[PDB]
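Residue numbers (the UniProt record's numbering): 1 to 288.
Beta carbons: idealized from backbone N, C-alpha and C, even for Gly.
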Ligand SMILES: CCCCCCCCCCCCCC(=O)O
């Protein structure tokens, strides 16, 4: 038995970790109104993506990996000698990536594919990859890993803010948010993931109070966990995520793991400018 762990690009793992563990990635893409298509990777300058989105008369669209991209990656790993492939996917509630990766796995001969629905995105999805890799090194078998990731999923989540719901409304990735869209004053929406979908949580009077609300909501949840990893997941306002990261480092005991990450282009296209997430996992994830 020889187990590989792979993922799609929206896990937004650092290039350092992708390099160290040779993590294969099925990339998603974003298409601009001028017909320019860009596949996700860590060579794309995120600042350049935000500049093009700002200069776009129409919001860019995104695309999951094609089923043939999964198949090509599975065939490559099989032919290097892997017998089993763990696949960590973006939430099935917001993308067809997961179901595609499962159907691709059914079609590929000579290798076992174990597709896993993270029910989240960004480095929270990425934590499932890092957990799976750790378990493979410890000698676990694929079904034990899948069982452990399924348990991890029960104590994982995220809250987030955006400047405006127009990007999420345009793509249909905000669930049950009709009355707020285009009806906000200074008030800022706080959103959260629930069972793989993005739903409203609270409306707050200002952005600064919304960032305070992210911290309060998450700290109230994770105080009941035996282990805690928090991720600040920042969008285009560097100082917003950096401020929250530093405040978490002050407010939290060192027994909590507190880390910083950023959204890539595909998630940015759906959030728009001003996105900022606080994610949590009730595990001590190996981040090195
Ligand atoms: C804190 C994590 C926040 C993640 C925000 C995710 C916003 C929705 C992204 C949807 C990507 C769909 C990709 C596709 O299938 O085309």
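Extent of the continuous alpha helix (DSSP H) to which residue i belongs
i	result
residue 242	238-251
residue 160	Residue 160 -> not in any alpha helix (DSSP H); beta strand (DSSP E) instead, spanning 156-161.
residue 268	265-271
residue 150	142-153
Per-residue DSSP class, three states only, for residue i
i	result
residue 49	helix
residue 82	coil
residue 197	strand
residue 33	coil
residue 138	coil
Identity of the residues DSSP links to residue i by a beta bridge
i	result
residue 182	In the DSSP output, where bridge partners are listed per residue, residue 182 has none listed.
residue 22	Partner(s): none; residue 22 has no beta bridge.
residue 261	233
residue 116	88
residue 281	156 and 229
residue 202	190
Proximity of residue i and residue j at Cβ, strictly below 8 angstroms
i	j	result
residue 193	residue 157	yes
residue 91	residue 120	yes
residue 111	residue 153	no
residue 266	residue 10	yes
residue 163	residue 114	no
residue 116	residue 86	yes
residue 213	residue 181	no
residue 160	residue 275	yes
residue 27	residue 41	yes
residue 15	residue 33	no
residue 232	residue 260	yes
residue 127	residue 285	yes
Below-8 angstroms beta-carbon distance, residue i vs any chain B residue
i	result
residue 124	No chain B is part of this structure, which consists of one protein chain only.
Element boundaries [beta strand (DSSP E), containing residue i]
i	result
residue 4	3-8
| Does the count of Cβ pairs from the stretch 4-17 and the stretch 242-251 closer than 8 angstroms reach three? | The count of Cβ pairs closer than 8 angstroms, one atom from the stretch 4-17 and one from the stretch 242-251, stays below three, leaving the stretches out of contact.
| Is the stretch 14-29 close to the stretch 143-151, with three or more CB pairs under 8 angstroms? | The answer is no - the stretch 143-151 does not touch the stretch 14-29, with fewer than three Cβ pairs under 8 angstroms.
| request: Evaluate the contact criterion for the stretch 175-184 versus the stretch 194-208: three or more CB pairs, one atom per stretch, below 8 angstroms. | output: Because the criterion of three Cβ pairs below 8 angstroms is met, the stretch 175-184 and the stretch 194-208 touch.
| task | Evaluate the contact criterion for the stretch 93-112 versus the stretch 64-76: three or more CB pairs, one atom per stretch, below 8 angstroms. | result | They touch, by the three-pair rule.
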